[PDB]
Amino acid sequence: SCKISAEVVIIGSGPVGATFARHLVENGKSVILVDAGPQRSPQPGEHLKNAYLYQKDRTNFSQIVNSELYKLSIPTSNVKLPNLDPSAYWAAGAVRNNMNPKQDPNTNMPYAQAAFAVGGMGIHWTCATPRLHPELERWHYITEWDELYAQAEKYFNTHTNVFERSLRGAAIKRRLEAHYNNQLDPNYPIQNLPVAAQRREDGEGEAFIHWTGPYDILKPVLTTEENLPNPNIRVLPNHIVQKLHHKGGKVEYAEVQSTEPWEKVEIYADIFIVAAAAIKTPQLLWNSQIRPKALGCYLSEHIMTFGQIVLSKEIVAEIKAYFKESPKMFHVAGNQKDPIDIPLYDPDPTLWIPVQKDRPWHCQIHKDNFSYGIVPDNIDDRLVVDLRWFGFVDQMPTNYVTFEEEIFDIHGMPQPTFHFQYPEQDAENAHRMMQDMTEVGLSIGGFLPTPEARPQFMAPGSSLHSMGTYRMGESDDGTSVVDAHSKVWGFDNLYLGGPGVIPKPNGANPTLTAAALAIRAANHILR
Amino acid sequence: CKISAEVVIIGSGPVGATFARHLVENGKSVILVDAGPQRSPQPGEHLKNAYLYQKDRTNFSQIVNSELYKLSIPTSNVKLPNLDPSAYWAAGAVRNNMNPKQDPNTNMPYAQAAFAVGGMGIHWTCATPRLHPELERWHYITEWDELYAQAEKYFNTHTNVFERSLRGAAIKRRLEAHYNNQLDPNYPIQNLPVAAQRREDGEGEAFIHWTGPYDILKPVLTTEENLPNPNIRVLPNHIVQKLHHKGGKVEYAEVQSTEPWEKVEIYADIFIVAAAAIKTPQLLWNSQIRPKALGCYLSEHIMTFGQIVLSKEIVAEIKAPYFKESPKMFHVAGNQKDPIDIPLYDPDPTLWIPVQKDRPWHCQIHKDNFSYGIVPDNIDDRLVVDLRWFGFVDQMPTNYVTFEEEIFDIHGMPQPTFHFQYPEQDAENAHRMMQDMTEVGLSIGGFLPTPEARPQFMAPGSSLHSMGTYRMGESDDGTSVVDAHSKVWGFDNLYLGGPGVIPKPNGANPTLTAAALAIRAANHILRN
Amino acid sequence: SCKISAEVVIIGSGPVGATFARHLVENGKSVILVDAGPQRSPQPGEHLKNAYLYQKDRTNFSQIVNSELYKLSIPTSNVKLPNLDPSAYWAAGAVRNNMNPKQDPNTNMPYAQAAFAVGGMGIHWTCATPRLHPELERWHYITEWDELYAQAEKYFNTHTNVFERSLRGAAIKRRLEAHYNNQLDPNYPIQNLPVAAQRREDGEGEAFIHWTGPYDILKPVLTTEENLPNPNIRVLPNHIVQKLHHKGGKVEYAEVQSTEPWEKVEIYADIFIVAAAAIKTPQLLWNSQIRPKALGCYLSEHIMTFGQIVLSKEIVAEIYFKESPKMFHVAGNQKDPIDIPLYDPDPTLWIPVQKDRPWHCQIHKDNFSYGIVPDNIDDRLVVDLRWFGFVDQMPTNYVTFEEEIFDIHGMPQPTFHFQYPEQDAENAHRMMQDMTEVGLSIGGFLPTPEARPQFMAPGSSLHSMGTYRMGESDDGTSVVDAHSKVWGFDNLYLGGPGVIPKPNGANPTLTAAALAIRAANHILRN
Amino acid sequence: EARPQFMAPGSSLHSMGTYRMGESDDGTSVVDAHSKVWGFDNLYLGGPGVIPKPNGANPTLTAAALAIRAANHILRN
Ligand SMILES: *Cc1cc2c(cc1C)nc1c(=O)[nH]c(=O)nc-1n2C[C@H](O)[C@H](O)[C@H](O)COP(=O)(O)OP(=O)(O)OC[C@H]1O[C@@H](n2cnc3c(N)ncnc32)[C@H](O)[C@@H]1O
Ligand SMILES: *Cc1cc2c(cc1C)nc1c(=O)[nH]c(=O)nc-1n2C[C@H](O)[C@H](O)[C@H](O)COP(=O)(O)OP(=O)(O)OC[C@H]1O[C@@H](n2cnc3c(N)ncnc32)[C@H](O)[C@@H]1O
Ligand SMILES: *Cc1cc2c(cc1C)nc1c(=O)[nH]c(=O)nc-1n2C[C@H](O)[C@H](O)[C@H](O)COP(=O)(O)OP(=O)(O)OC[C@H]1O[C@@H](n2cnc3c(N)ncnc32)[C@H](O)[C@@H]1O
Ligand SMILES: [Cl-]
Ligand SMILES: [Cl-]
């Protein structure tokens with residue numbers, strides 16, 4: 001088909017896209033959810049970490065991550081190999097895919113990446129869903145935070161009780177409480193990190209976890225009270241939305257490339273929503289001739305420290321205590337023992353220290369699966385704990401993504417170009433972040449002495465917590481793209497979703513927050 | 001072929017030369033032997049004194065790498081998973097210091113030696129601290145401060161070399177504030193004492209004369225007539241292989257001249273082995289001299305190391321010297337400026353925190369040249385400071401070097417084999433060492449984010465501060481090789497020198513200490 | 001020190017410097033040999049590979065090499081670390097020492113290096129001393145090649161018989177002869193690589209070698225027939241020559257920095273000679289206000305392929321210290337599992353440059369910055385391959401010298417603009433095809449990254465040439481005449497590969513020493 | 001990463017012979033030429049593991065052949 005329509009159209013089936021669909025469909029609207037990616041599960045946007053094997057080997061799921069993440073601007077300008085056969089052909093500054101010769105590496109955001117899949121990053125993410133600090137992180141022109149957050153947490157299946165029973169979790173918390181010595185605000189103690197996830201109930205499979213994917217969010221609206229699929233929602237994988245066509249602040253239709261069968265498609269709707277995440281969202285607007293002054297400016301993420309540690313002998317000593325009807329699930333029988341003294345089904349330590357007074361940064365003491373700090377395959381990953389601190393990045397107009405007119409990316413859309421540097425003001429606190437992260441690590445053991453696990457700042461982009469590109473404000477004056485209903489200045493029926501909307505430097509994992517503001521916009525639409 | 005002197009000293013290391021200095025200066029006649037070649041016009045000159053090293057510190061690490069030779073390289077099971085099967089392979093080579101009997105997991109990988117007229121004393125970083133009275137010294141030596149004083153004179157110890165460092169100040173300020181008078185005021189943050197001295201030669205004040213064994217020998221190498229002193233003779237390229245002895249009197253030394261390649265017998269009234277931690281016991285083992293304690297109580301320092309880039313705050317605080325009559329020494333003129341805001345001739349920060357109460361470890365905040373943590377060639381090394389903490393290693397008989405009977409090293413002497421592990425007791429303190437080192441680093445800036453400069457424990461051997469192998473005691477207890485006069489149990493006229501003699505866990509740089517005990521032994525020789 | 005003189009002054013105690021001194025002193029002149037470096041042996045410019053340990057472990061000597069070699073232009077322009085604490089201070093484009101913010105990396109010569117030592121590179125070099133191919137490599141305005149070469153080989157103690165008795169040398173040569181199948185020119189067969197070296201005669205130390213250092217070259221003129229040192233020669237380590245002072249084409253004196261004691265020194269002489277090697281020589285001129293148009297132009301080296309191989313099982317199958325068993329490192333029950341006589345002389349072969357083959361092959365084992373064999377691997381298993389290809393001398397390739405930046409000696413910072421000429425490209429590729437086939441005929445590749453077959457980055461050859469090249473007339477294409485004398489000057493001469501004006505593949509040192517002897521005769525004659 | 005080189009064992013992903021076929025219950029084979037396990041009525045194997053013969057080619061297509069064969073053997077009775 002070539003022309004199709006629904007009440008509402010949502011570009012991007014990320015967590016945020018699906019949030020809109022959930023709320024909108026559930027309140028009687030009809031929706032088309034479009035994504036440029038393929039569907040990587042029987043059902044749309046299932047979390048891929050749910051598979052048995054990932055339940056058994058966490059470290060391995062990093063390979064799925066690497067497969068999901070695609071760099072957005074790769075500098076090609078000056079690539080020269082000093083040691084190539086001179087008979088052989090060479091040319092620098094390739095432009096193919098997300099190669100970009102106009103990208104200065106030194107103002108780049110190297111690990112600015114996206115995922116193109118039904119589910120976006122929400123089918124690989126580590127599912128951490130904290131709320132923003134009332135005073136230090138939230139902004140005031142949103143009135144009903146705790147209502148939205150509550151509604152968001154329900155949709156995401158947020159939980160704190162997943163790793164509650166962790167023995168390592170206890171052992172650490174004890175040493176950290178002792179380290180800090182009641183210096184922390186008692187409203188924000190060391191505590192269990194809230195996660196979009198839940199322990200299973202299915203017999204002995206309670207040893208395993210159902211992480212939340214966009215699927216989980218959509219599931220309730222996907223079939224009627226007859227198990228036949230709900231007409232009010234349709235999902236279109238492998239549809240690159242390239243252009244929004246619009247006259248005088250009303251959007252008429254979306255120009256979309258079906259990639260199989262390869263055909264142009266026009267999508268008409270009463271309401272349009274772009275949840276294509278931090279960079280691809282502005283890209284779509286830029287390419288639709290919609291360029292508010294603030295677009296792709298106030299580019300912001302979290303400066304991060306990371307490191308891994310091997311547990312102290314003291315801690316290991318303090319623990320020696322699932323799958324009682326399956327001996328072979330411990331990989332030994334009779335005379336063979338497991339030489340690792342750490343219960344194999346000990347729930348993973350999954351702690352956080354919030355952002356608080358004097359601490360504009362968000363600590364996670366946990367173990368999850370990322371592109372970096374993968375534990376080697378010949379080392380039992382029970383030995384290790386990952387640390388990830390996230391610091392405030394001030395939103396600045398001199399930091400931005402822009403879009404070339406004569407270069408295009410892998411979707412054949414304006415090639416993104418970054419100009420980004422960490423603001424000098426946040427520098428002192430970033431360093432404090434590190435001092436903090438180290439002390440904490442060395443209180444629960446010694447560092448994993450691999451290069452890969454050394455304590456270190458990540459290169460820009462690594463947080464995957466990009467924000468501010470399509471930020472909100474109170475008026476079309478002070479430079480913002482959307483209003484507090486996440487609606488684009490000067491347009492009747494165009495809305496955005498995603499961390500890009502956030503106008504306020506923070507340290508916490510932004511996805512839950514973003515879903516809140518979406519619900520807000522969605523209510524605005526229902527009214 | 002056959003020659004003699006009153007005294008013979010095996011090894012022209014710092015410790016060897018100390019003996020020679022004291023012994024010759026008090027009227028004895030000496031032959032100093034070394035298996036190595038002489039790497040300077042004069043014997044055992046320090047190679048860091050060359051102009052270029054004064055200009056580029058980082059580069060001197062390449063001389064170090066050229067001086068250091070691994071002692072036991074495990075070969076036992078080496079197999080390449082991706083080699084053409086047509087090609088020939090065999091694991092467990094035995095050539096040179098390759099050792100198929102070496103278990104890697106009990107090895108001391110960076111146990112190395114240098115074979116040169118000067119030993120390690122022509123590349124070393126010249127740090128000469130004294131041992132903590134209570135925590136590091138032992139009591140059966142009565143005259144510490146006298147010996148130390150005499151040793152420091154010979155080594156040309158000085159604290160005033162980096163005193164005027166601007167970075168040195170900026171750091172000390174931040175560290176004093178960090179610690180908040182938690183340190184014992186007897187052992188504050190202070191200038192690390194070094195066998196070295198600022199030059200006086202016109203603008204060459206901007207440069208340093210580090211101490212080599214040469215500097216130690218210089219006074220006794222010529223008479224009061226500038227003719228060379230007959231009472232001292234130096235023999236490079238002579239591998240001493242065997243000491244020949246009866247009922248505890250040593251008659252002569254069996255030596256291989258390597259050029260011209262001929263056997264040599266060396267007769268003497270007194271023999272001294274200062275061949276350092278492993279080669280000294282090796283020589284004895286091969287001379288059929290094996291007290292129970294030989295190469296046992298193997299000990300070094302467990303080390304943390306890391307490098308940091310100075311905080312912006314510190315750099316801001318420094319904007320103020322040397323080479324005023326040579327502008328081109330700053331590498332810029334006219335419109336070109338040096339974008340690094342740190343006076344190019346600012347003396348290097350060279351600080352230490354001693355070992356003290358509650359702190360059984362020795363901190364150095366400095367910049368010097370070692371095999372590891374070399375700063376990249378494309379980075380101005382003014383940006384960086386090196387951190388090296390040295391922790392207590394408890395001396396235990398289940399840690400040892402032994403010597404194979406059917407394998408030989410590069411000198412054709414019994415191949416050394418290590419069995420070494422850091423004692424569980426020192427574990428807690430080692431970790432405290434790290435917590436300390438990091439906090440200190442992060443107080444003066446951020447880490448240099450290269451893999452090579454990350455904060456980390458060194459693999460065993462890295463300290464180059466090996467000790468205990470030929471340790472001293474009060475009695476022929478079976479727990480010691482030498483007595484408190486550094487003389488071998490059951491022998492009239494055989495003495496040892498070097499860190500190997502130290503029987504007492506410590507954190508500090510041991511060379512100065514070793515030179516003390518030598519002077520002591522030397523007096524025992526003079527006064528007997 | 002402050003003011004002194006000799007008949008002749010020679011800047012640089014490299015091989016070439018010493019050659020001049022040898023010839024000049026031996027024919028009755030008095031000279032001062034100056035070097036910016038220190039002396040790293042009892043006697044000046046002894047070869048450091050002669051030490052016992054290097055005789056036992058070859059691969060270890062690479063550490064001396066790394067200690068001798070110093071990069072000349074290190075690009076600093078844009079260095080930025082993506083993952084450094086923002087609290088921490090940083091600044092790009094440092095200028096300190098041989099750091100150079102004006103150096104484009106992509107036109108750089110990264111491994112353009114020098115050594116600063118009494119002896120130069122001649123106290124670490126691998127001592128390979130071939131002659132240039134009559135037709136393909138020599139130029140003909142030099143009339144007495146074979147005379148000069150002969151005299152040079154005597155001074156260098158050249159020899160072909162050092163590795164003659166090699167069992168691996170045989171086993172390889174057999175397989176290579178079979179590979180090529182009489183398709184080489186029979187005038188330039190597979191044969192023993194000539195080396196400035198000689199097997200020792202000292203008892204069982206015949207198992208070892210006396211490599212040639214500049215010392216060996218100087219030795220005959222260093223003492224009189226009275227065992228007193230020769231007044232006609234003086235050696236000055238640690239003296240940076242910064243400026244030659246000159247009026248109307250006659251050089252009066254040399255401005256020199258003693259580095260200890262740190263004092264200015266003026267050196268007056270009847271004749272001046274700069275043998276400071278490819279880049280530092282032009283630097284000194286540039287800084288002395290002597291800038292012929294051709295200076296540091298026609299920059300040229302060898303494009304190189306390199307690789308290492310593990311010997312075939314077939315070869316191993318096919319294959320001195322009797323009075324010292326312990327020199328084989330085994331006794332009683334322990335045997336050496338490597339089936340290759342431990343004192344089997346190292347295979348040291350070459351294939352010349354010839355018709356259809358403008359490149360110089362070496363099948364050997366020696367010590368360089370690159371392809372050091374791992375610590376834990378018996379280096380008898382390995383053979384190194386080094387092919388050297390023609391680099392065409394072109395004026396758009398050059399080193400220049402910044403006016404506002406200085407190096408570690410406080411002299412104009414060198415800046416490279418260099419690329420391999422397109423014309424030599426197809427032959428370079430042929431070089432590789434050749435090198436591979438040859439390797440795989442005598443075994444498989446050592447599968448480490450470091451030993452893979454590969455082109456070296458520019459500079460790696462250490463065979464830089466053309467920077468102060470010679471010609472027949474003050475054409476503007478040359479710095480020196482065929483007597484190695486600088487256009488427009490009475491009494492200034494240069495020495496070193498920099499003089500060579502003609503693309504070649506062979507190891508140029510011997511050649512350079514020839515042209516020096518020639519210049520030296522020219523100096524003696526008048 | 002792109003240098004010429006031998007791969008470490010396994011890299012081919014072309015493993016074979018583990019459950020190889022033969023003509024008789026010789027002790028040298030697991031399955032017969034109909035890819036059926038010696039001494040079993042109704043158990044069959046499939047995959048490169050069945051191949052008893054050193055080769056160089058990409059084995060998947062081959063394996064699919066032998067399967068079709070076994071499948072016919074199953075249909076026929
Ligand atoms: C990769 C990752 C991310 C992550 C994380 C751990 C990993 C390994 N941990 C997190 C954590 O613990 N807590 C948290 O709050 N976030 C965490 N993240 C990041 C998180 O996954 C994302 O912030 C979140 O997924 C954002 O969701 P959003 O709905 O904005 O969308 P998306 O998932 O980023 O993907 C958007 C979709 O848009 C489609 N797209 C893009 N452009 C187009 C066009 N032009 N046409 C059609 N479709 C388009 C993409 O295909 C994608 O599906
Ligand atoms: C390499 C190094 C060492 C070092 C240092 C930094 C580096 C890069 N920094 C130091 C520091 O800051 N403070 C300190 O106190 N020491 C530091 N060092 C180590 C210091 O140089 C050594 O601890 C000291 O040099 C040891 O002195 P000693 O006289 O004990 O001998 P040596 O230098 O280790 O070598 C002795 C000589 O003996 C000869 N030898 C060995 N075996 C034989 C046989 N069989 N026959 C003949 N001669 C033999 C060796 O050739 C060597 O020259
Ligand atoms: C490093 C190396 C080089 C080498 C080789 C292997 C290695 C590891 N193998 C070779 C081979 O097999 N065959 C061959 O022909 N050459 C090989 N080489 C290179 C060879 O060593 C050089 O070709 C040769 O050494 C160059 O001789 P030259 O006399 O031209 O001098 P130099 O040794 O390069 O350095 C001369 C001296 O000049 C002094 N100097 C420099 N600047 C100044 C100033 N301004 N003032 C005073 N003295 C100065 C240097 O200190 C140096 O000593
Ligand atoms: Cl792998
Ligand atoms: Cl005591």
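For this deposited structure, the header cites X-ray crystallography as the method used and 2.64 Å as the resolution.

Named according to the PDB entry, chain C is pyranose oxidase originating from Oscillatoria princeps RMCB-10. Per the PDB header, the entry is named "Crystal structure of Oscillatoria princeps pyranose oxidase".

Chain A is annotated in the PDB entry as pyranose oxidase from Oscillatoria princeps RMCB-10.

A. Examining the overall build of chain C more closely. In terms of helices and strands, chain C carries ten helices and 24 strands. Its C-alpha atoms give chain C a radius of gyration of 23 Å, within 12% of the compact-globule value 24 Å for 526 residues. With respect to the principal axes defined by its C-alpha atoms, chain C has extents near 75 × 65 × 55 Å. A burial count over chain C gives 68% of its 526 residues as buried. Here chain C carries 46 positive and 60 negative side-chain charges, and the mean point of each set is 1 Å from the other.

B. Summary view of the interface of chain B and chain A. At the interface, 18 residues of chain B touch 18 residues of chain A. For the pair chain B and chain A, the summed buried area comes to about 1,300 Å², and 59% of that belongs to carbon and sulfur atoms. For chain B, the biggest contributors to the area lost against chain A are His431(B), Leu442(B) and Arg454(B); these three give 36% of the whole. The interface formed by chain B and chain A holds two salt bridges in total. One salt bridge connects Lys313(A) with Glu424(B), and the closest N-O pair in it is separated by 3.0 Å.

C. Region of interest: the site of ligand 3. Residues and elements named next belong to chain C. Among the 34 residues in the neighbourhood of ligand 3, the closest are listed as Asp35, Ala117, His124, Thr126 and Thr509. Here an oxygen atom of ligand 3 and a side-chain polar atom of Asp35 are 2.3 Å apart. Taking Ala36, its main chain carries an N or O atom lying 3.2 Å from a nitrogen atom of ligand 3. Here ligand 3 has 980 Å² of accessible area as a free molecule, and 99% of this is covered by the chains. Mapped by element, the contributors of at least two residues to the shell around ligand 3 are α1 (15-26), β12 (239-247) and α7 (277-286). Looking at the shell around ligand 3 element by element, the count peaks at three residues for α1. Its residues assigned to classes, the shell around ligand 3 comprises 20 nonpolar, twelve polar and two charged.

D. Region of interest: the packing of aromatic side chains. This structure, assessed with the given rule, holds 51 aromatic pairs over all chains. An angle of 90° between the planes, with centres 5.0 Å apart, marks the rings of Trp139(C) and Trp145(C) as edge-to-face. Judged by relative accessible area, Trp139(C) falls into the buried class, the value being 4%. You can call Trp145(C) buried: its relative accessible area is 3%. Judged by centre distance (5.2 Å) and plane angle (85°), the ring pair of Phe306(C) and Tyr370(C) falls under edge-to-face. For the pair formed by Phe306(C) and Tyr370(C), the shared burial category is buried. One aromatic cluster is present, built from ring pairs that chain together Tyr51(B), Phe207(B), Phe323(B), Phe330(B), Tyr345(B) and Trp262(C).

E. Expanded view of the site of ligand 1. All names here are of chain A. Lining the immediate environment of ligand 1, one finds 36 residues, of which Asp35, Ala117, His124, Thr126 and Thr511 sit closest. At 2.3 Å from an oxygen atom of ligand 1 is found a side-chain nitrogen or oxygen belonging to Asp35. Take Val241: an N or O atom from its main chain is 2.8 Å from a nitrogen atom of ligand 1. Here ligand 1, which alone exposes 1,000 Å², has 98% of that area covered by the protein. Those elements that place two or more of their residues in the shell around ligand 1 are α1 (15-26), β12 (239-247) and α7 (277-286). Taken together, the residues of the shell around ligand 1 sort by class into 21 nonpolar, 13 polar and two charged.

F. Highlighting the sheet that holds strand β9 (residues 195-199) of chain C. Residue and element names in this part refer to chain C. The three strands lie next to each other as β7-β9-β10, forming an open sheet whose pairing is antiparallel. Each edge of the sheet is formed by a strand with only one pairing partner; in this case those strands are β7 (158-159) and β10 (209-211). Of the pairings in the sheet, the one linking β7 to β9 comprises two bridges and is antiparallel in character. Counted as the bridge partner of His159 is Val195 from β9.

G. Seen up close, helix α10 (residues 509-525) of chain C. The end-to-end C-alpha distance of α10(C), which contains 17 residues, comes to 24 Å, matching closely the 24 Å that a straight helix rising 1.5 Å per residue would cover. Buried residues dominate α10(C), accounting for 14 of its 17 residues.

H. Expanded view of unusual backbone geometry. Following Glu260(A), the chain continues to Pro261(A) via a peptide bond in cis, the omega torsion being -5°. Relative to the helices and strands, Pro261(A) resides in the loop between β13 (250-259) and β14 (262-274). Between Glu259(B) and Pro260(B) the backbone carries a cis peptide bond, its omega angle lying at -5°. Tracing the sequence through the fold places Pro260(B) in the loop between β13 (249-258) and β14 (261-273). Phi at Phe323(B) takes a positive value of approximately 60°, unusual for a residue other than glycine.

I. Representation of the packing of helix α1 (residues 14-25) of chain B against helix α10 (residues 511-526) of chain B. All names here are of chain B. Contact pair α1 / α10: the axes reach a minimum separation of 9 Å and the direction vectors enclose 35°. As for the relative orientation of α1 and α10, their crossing is right-handed in sense. Across the interface between the two elements, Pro14, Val15, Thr18, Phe19, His22 and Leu23 from α1 touch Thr511, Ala514, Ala515, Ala518, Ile519, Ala521, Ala522, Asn523, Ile525 and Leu526 from α10. Here the residues of the contact of α1 with α10 are counted per class, giving twelve nonpolar, four polar and no charged.

J. Layout of the environment of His239(C). Residue and element names in this part refer to chain C. Inspection of the secondary structure puts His239 in strand β12. When the C-alpha positions of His239 and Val256 are compared, they lie 6.1 Å apart, and in sequence the two are 17 residues distant. Not counting chain neighbours up to four residues away, the residues in contact with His239 comprise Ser1, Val34, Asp35, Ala36, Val256, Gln257, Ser258 and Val265. Polar side-chain contacts of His239 include one of 2.7 Å to the backbone oxygen of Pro237.

K. Up close: the interface of chain C and chain B. On the chain B side, the residues contacting the 89 residues of chain C number 91 residues. Our count for the contact surface shared by chain C and chain B stands at seven salt bridges. Its salt-bridge partner being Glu259(B), residue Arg200(C) comes within 3.7 Å of it at the nearest N-O pair. Run the count over chain C and chain B and you get 35 residue pairs in polar contact. Mapped onto the side of chain C that touches chain B, the elements with two or more residues apiece are α2 (52-56), α3 (62-68), β3 (70-71), β4 (74-75), β16 (302-311), α8 (313-317), β20 (394-406) and β22 (443-445) of chain C.

L. Broad picture of the sheet that holds strand β15 (residues 297-299) of chain C. Residues and elements named next belong to chain C. One open sheet holds the three strands; their spatial order is β15-β20-β21, and the pairing between them is antiparallel. Strands with a single pairing partner mark the edges of an open sheet, and in this sheet they are β15 and β21 (412-417). With strand direction ignored, the average angle separating the axes of adjacent strands in the sheet is 50°. Looking at chain direction, β20 and β21 are connected through five bridges and run antiparallel. Considered in β21, the bridge of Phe401 is made with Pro414.

M. The pattern of salt bridges, seen in detail. Applying the stated criterion across every chain yields a total of 75 salt bridges over all chains. One salt bridge in this structure joins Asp375(C) and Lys70(B), with 3.0 Å as the shortest N-O distance. Taken as a pair, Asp375(C) in the loop between β18 (359-364) and β19 (382-390) and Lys70(B) in strand β3 (residues 69-70) lie in two separate chains rather than in one. A residue is classified by how much of its surface remains accessible, and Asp375(C), at 42% relative accessible area, is partly exposed. Here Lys367(B) makes a salt bridge to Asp381(B), at a shortest N to O gap of 2.9 Å. In this pair, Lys367(B) is assigned in the loop between β18 (361-366) and β19 (384-392) and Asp381(B) in the loop between β18 and β19, connecting sequence segments 14 residues apart.

N. Examining the arrangement of the chains more closely. Counting contacts across all five pairs of chains found in contact, the highest total belongs to chains B and C. Separated without contact, chain A and chain D have their nearest C-alpha atoms at a distance of 12 Å.

O. How the structure looks around the environment of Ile171(B). All names here are of chain B. In this structure, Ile171 sits in helix α5 (residues 166-179). When the C-alpha positions of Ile171 and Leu310 are compared, they lie 9.1 Å apart, and in sequence the two are 139 residues distant. Excluding anything up to four places from it in sequence, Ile171 contacts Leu310, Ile314, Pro349, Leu351, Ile365, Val385 and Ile444.

P. Layout of a nonpolar patch on the surface. A cluster of nonpolar side chains, namely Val79(A), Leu81(A), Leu84(A) and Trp90(A), defines an oily patch on the protein surface of about 320 Å² accessible area. On the basis of relative accessibility, which here comes to 34%, the residue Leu84(A) falls in the partly exposed class.

Procedures and definitions
- Residues numbered from 1 in each chain as written, not as in the entry; some residues may be left out.
- Chains lettered and ligands numbered in written order.
- Part of a larger assembly, values for the part shown.
- Heavy atoms only, no water.
- Helix = DSSP H or I, 4+ residues; strand = E, 2+ residues; numbered from the N terminus.
- Rg over C-alpha atoms; globule rule 2.2 N^0.38 Å.
- Buried < 20%, exposed > 50% of the residue type's maximum accessible area, 1.4 Å probe, protein only.
- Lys, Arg positive; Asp, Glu negative; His and termini not counted.
- Charge placed at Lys NZ, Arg CZ, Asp CG, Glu CD.
- Contact = heavy atoms within 4.5 Å.
- Buried area = accessible area lost by both parts, 1.4 Å probe.
- Salt bridge = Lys/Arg side-chain N within 4 Å of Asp/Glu carboxyl O.
- Near = heavy atom within 4 Å.
- Polar contact = N/O pair within 3.5 Å; in protein donor to acceptor, adjacent residues only side chain to side chain.
- Areas by Shrake-Rupley, 256 points an atom, 1.4 Å probe, with all protein chains shown as cover.
- Nonpolar A, V, L, I, M, F, W, Y, C, P; charged D, E, K, R; others polar.
- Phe/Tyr/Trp six-rings, centres within 6.5 Å; stacked < 30°, edge-to-face > 60°.
- Pairing = 2+ DSSP bridges.
- Expected span 1.5 Å × (residues − 1).
- Axes fitted to C-alpha atoms, helices over the stretch in contact; angles between N-to-C directions.
- Left-handed = near helix turned anticlockwise from the far one by under 90°.
- Patch = residues over 30% accessible without salt bridge, like charges linked within 9 Å, V, L, I, M, F, W, Y side chains within 5 Å.

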